[PDB]
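# Remarks on the overall topology
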Amino acid sequence: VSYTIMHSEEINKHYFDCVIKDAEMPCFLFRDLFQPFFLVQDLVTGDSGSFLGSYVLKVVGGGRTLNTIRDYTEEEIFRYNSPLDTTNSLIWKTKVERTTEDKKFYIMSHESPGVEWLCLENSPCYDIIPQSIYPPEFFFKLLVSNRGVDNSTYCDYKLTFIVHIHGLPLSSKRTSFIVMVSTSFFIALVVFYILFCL
Amino acid sequence: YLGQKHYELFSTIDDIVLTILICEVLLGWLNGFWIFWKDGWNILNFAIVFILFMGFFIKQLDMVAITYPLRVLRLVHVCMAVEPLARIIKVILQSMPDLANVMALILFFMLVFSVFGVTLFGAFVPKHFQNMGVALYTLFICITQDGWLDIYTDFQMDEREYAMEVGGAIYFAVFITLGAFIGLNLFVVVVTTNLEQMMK
Amino acid sequence: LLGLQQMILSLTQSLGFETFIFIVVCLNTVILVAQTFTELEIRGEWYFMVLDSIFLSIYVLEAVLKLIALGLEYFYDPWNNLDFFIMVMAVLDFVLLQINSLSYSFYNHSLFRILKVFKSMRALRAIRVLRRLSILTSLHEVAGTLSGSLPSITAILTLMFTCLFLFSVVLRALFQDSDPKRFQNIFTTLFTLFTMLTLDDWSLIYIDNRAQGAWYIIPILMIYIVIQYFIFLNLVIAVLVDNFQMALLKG
Amino acid sequence: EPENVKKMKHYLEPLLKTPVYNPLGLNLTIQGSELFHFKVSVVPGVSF
Amino acid sequence: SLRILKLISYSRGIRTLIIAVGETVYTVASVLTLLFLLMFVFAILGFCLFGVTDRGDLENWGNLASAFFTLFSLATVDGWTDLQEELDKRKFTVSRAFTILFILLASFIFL
Amino acid sequence: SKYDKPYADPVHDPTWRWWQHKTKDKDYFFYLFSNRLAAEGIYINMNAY
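Residues numbered from 1 in each chain as written, not as in the entry; some residues may be left out. Chains lettered and ligands numbered in written order. Part of a larger assembly, values for the part shown. Heavy atoms only, no water.

Attention now moves to the interface of chain B and chain C. Contact residues are listed per partner, giving 37 residues for chain B and 35 residues for chain C. Carbon and sulfur atoms supply 75% of the area that chain B and chain C bury against each other, a total of about 3,400 Å² over both sides. For the interface between chain B and chain C, the tally reads 0 salt bridges. On the surface where chain B and chain C come into contact, there are 4 residue pairs in polar contact. It is helix α8 (residues 163-196) of chain B that provides the largest number of residues to the side of chain B that touches chain C, a total of 16 residues. (Contact = heavy atoms within 4.5 Å. Buried area = accessible area lost by both parts, 1.4 Å probe. Salt bridge = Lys/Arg side-chain N within 4 Å of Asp/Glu carboxyl O. Polar contact = N/O pair within 3.5 Å; in protein donor to acceptor, adjacent residues only side chain to side chain. Helix = DSSP H or I, 4+ residues; strand = E, 2+ residues; numbered from the N terminus.)

What follows is the structure in structure tokens.
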């Protein structure tokens, strides 16, 4: 927790929580680069080490609020978390040179630059609307696995946790729509003013 | 080391100067409260003795930080009354209202160019370019034109060759030189403008 | 409707331009001074750029009304030419954001900073078009007397530029293979000349050049510094003093 | 007073009818012209 | 050097220049007295603001001679940046405002 | 059994979440028990569980 928050406060030099603050669950910004750090916890002794190993990160579920998480399929995971999907369905994208077998997913360590979020045309970001005031919120259930990328232990850690993202951006379609409707309505009103002033 | 045998005498001379000041104020009020209230400089002396006596007789957190500058303000007021500094003080107080417009124009041009500043400020090259009032006062430090090579090394090596290291630097540098020259000129010109009022 | 449309445009331009332009550019400057404000953008970033694009749409409507307007004499106002350039850059950046896709870098690149300073130009234009009323006559007269002696100060800054370029050329010529890491190129050379010109750590230049093996460059540097410093500042101070002084001699 | 003797002082000050201080930081200040005689005691219930 | 000053006591042209500039002695003395009064005011103010509390900032707004020299530096352009970095760590946010007000008064007025 | 939360706490020993807001005034509790002015005369220690 503390390392992730302090890296977020040292890379982007600012941080701000959600409107409904939860102590157990903080919130992460869309504009901030996401570089998670992980811990290995031994429950039988007092040590708690840092996970200095490789892993694969991907989003396996999503919801608008809590208790709205829906699981995804194999080709869905391929469409959402892989550079090899031709459709505009990249939830996120990273610049790194190490990839897994068949180049499908990303191999990341603690020296990776971080995660930049995209959530393109075929994602839950596209055609999303607020339900009230304040920016919209989304929840991403995402797992870290250690299946074929580590040769130091004899079994892999499957950490499938959930994360909160607020401040979700708007589609270019939405900005184009509001701009064009503002232009049309204002020229209509000004032309009414001009004609009725004559 | 001096005050351990002087604190009692310091208290006594404080009382003596306070009582002679309030005696002078009462004698001035004898000629009329209206003329003393309707005056340009007796108001300041009245406020000085009022604050000092309220802090003396009634308990106050005014401390040395109020007792001592009020005394030296009275010193300035008294030494103004003897002739050979009065003309210069008079022309200073005549020059201030003409300096007010120059100060206001400088501050307004400062805001309208600090927008261009803060477009390249905040969360990068920070702690003097952020905080949106500290950025303004750091720009004021830079326009006062001394020791900004610490700032020059602060935004040094954005890409190490050109990046914005050329752009933003030349922008705020030419703005600094133009604003500093214009401000220093306008200051000296308001000065000589009000001194031509002095010798007429 | 030809000239008839032009005269209708003149009358309705007076009325509607006054009312609508004043109210919408007041709201534009409100949201734009709320925009910069690097504390409240984190209490935002989602209601900020949408209103920014909405009022940019209002501004492109302003430019559309000016384009269908009287035309050539519109271009004869330098402020209106600045409006046209600002709006060209605004529609350029708006369509650049609108098309998406692309193949170049993004996510707060240098081009994003170029669009941000374009937004700063737009904010300055909004500020300058809300001050049609009550610029105050005192500072109006002060600025009019300040701008009277333009050819003199332009000539003096031209002499400054020539002298500074000559000093930079001779210094860079004399600083070859003399640890030039501070002034390895033309931009850094002219910036260092500016620092010498502005009394900034030229004593530090002397003390870290004394650590080097060259010494005569230090008398050369001080003599150039003192001549340019005294000559330029005396010139500008005297010129502007007399420039306001003859206006003083009048009413 | 840290947030370690808040409850103890708040409990004790009613029923002893005397203000309760915390040691290891105690400082005295006097404005008089005479001989001052002080007694320092430990509150009951914490020693024999 | 006093002997050299006696050498330069000649040159009647310099004597005429000295005569032409010698009616300003009273004026420059009056401005120097104004400078000394403002220096004294802000000297006692700076000692009250940063030297009385005695939580740092010694020999800058502390001892009287050092305080006077730091104020004379602050009334000029030199040494303002390092002094500002020195004062902001003493838990005094309004110290920056007081120092910039002192600059915009003293430096501009005196010069 | 509830320490299977997938979010890391700053400290191990899940009972740290138990005895955190209450350990600021342990001494007071002892004063109430040694002199017998507390509860049913029960002293629930914090380092015993």
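With that settled, the discussion passes to unusual backbone geometry. Located in the positive-phi region is A:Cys119, a residue other than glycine, with phi close to 45°. For A:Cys119, a relative accessible area of 8% puts it in the buried group. Although it is not a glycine, F:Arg36 adopts a positive phi angle of roughly 60°. Along the chain, the position of F:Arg36 falls in the segment after α2 (26-34). (Buried < 20%, exposed > 50% of the residue type's maximum accessible area, 1.4 Å probe, protein only.)

Another point: helix α3 (residues 25-51) of chain E. Between the first and last C-alpha of α3(E) there are 36 Å, a value that for 27 residues agrees with the 39 Å anticipated at 1.5 Å per step. What α3(E) keeps buried is the set E:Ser30, E:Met39, E:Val41, E:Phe42, E:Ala43, E:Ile44, E:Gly46, E:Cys48, E:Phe50 and E:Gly51. Against the buried residues of α3(E) lie α4 (63-81) and α5 (86-118) of chain B together with α4 (64-75) and α6 (94-110) of chain E. (Expected span 1.5 Å × (residues − 1).)

A few words on the interface of chain B and chain E. Note: interface size is frequently given as the accessible area lost on complex formation between the parts. Each partner contributes residues to the interface: chain B has 26 residues there, and chain E has 23 residues. When chain B packs against chain E, the two sides together hide about 2,100 Å² of surface, and 78% of this comes from carbon and sulfur. If you look at where chain B meets chain E, you find 1 salt bridge. As a salt-bridge pair, B:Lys127 and E:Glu85 come within 3.7 Å of each other at their nearest N and O atoms. Our count for the contact surface shared by chain B and chain E stands at 2 residue pairs in polar contact. Counting only elements with at least two residues in the side of chain B that touches chain E, the list comes to α4, α5 and α6 (134-143) of chain B. For the side of chain B that touches chain E, the leading source of residues is α4(B), giving 7 residues. A breakdown of the residues in the side of chain B that touches chain E according to their chemical character gives 19 nonpolar, 4 polar and 3 charged. (Nonpolar A, V, L, I, M, F, W, Y, C, P; charged D, E, K, R; others polar.)

Once that is clear, we can look at the UniProt feature "intramembrane region" in chain B. The sites that UniProt annotates as "intramembrane region" are residues 132-143 of chain B. Taken end to end, residues 132-143 of chain B comprises 83% helix and 0% strand; its first and last C-alpha atoms sit 17 Å apart. (UniProt positions renumbered as here; feature names shortened; annotations may be inferred.)

Moving on, we come to the environment of B:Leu99. The residue B:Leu99 is located in helix α5 in this model. Of the residues examined, B:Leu99 reaches a relative accessible area of 10% and is grouped as buried. Sequence separation between B:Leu99 and B:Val189 is 90 residues; the distance between their C-alpha atoms is 9.6 Å. Aside from chain neighbours lying at most four places away, what touches B:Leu99 is B:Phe187, B:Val190 and E:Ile109.

So, on to the packing of aromatic side chains. Within this structure, the stated rule accounts for 49 aromatic pairs over all chains. Plain terms: the ring middles of B:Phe113 and B:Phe116 are 6.2 Å apart, the flat faces sit at 45° to each other, and that makes the pair tilted. Of this pair, B:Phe113 and B:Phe116 both sit in helix α5, 3 residues apart, which is roughly one turn of the helix. With centroids separated by 5.1 Å and ring planes inclined at 50°, the aromatic side chains of B:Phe181 and C:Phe232 adopt a geometry described as tilted. Taken together, the residues span two chains, with B:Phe181 in helix α8 and C:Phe232 in helix α9 (residues 217-249). Judged by its relative accessible area of 9%, C:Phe232 falls in the buried class. One aromatic cluster in this structure is built from B:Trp148, B:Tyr152, B:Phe155, B:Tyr162, B:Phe172, C:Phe187, C:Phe191 and C:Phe194. Here A:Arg79 stacks its cationic end above the ring of A:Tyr80, 5.4 Å away from the centre of that ring. The cationic tip of A:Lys104 hangs over the ring face of A:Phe78; the distance from NZ or CZ to the ring centre is 4.9 Å. (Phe/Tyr/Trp six-rings, centres within 6.5 Å; stacked < 30°, edge-to-face > 60°. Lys NZ or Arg CZ within 6 Å of the ring centre and 35° of its normal.)

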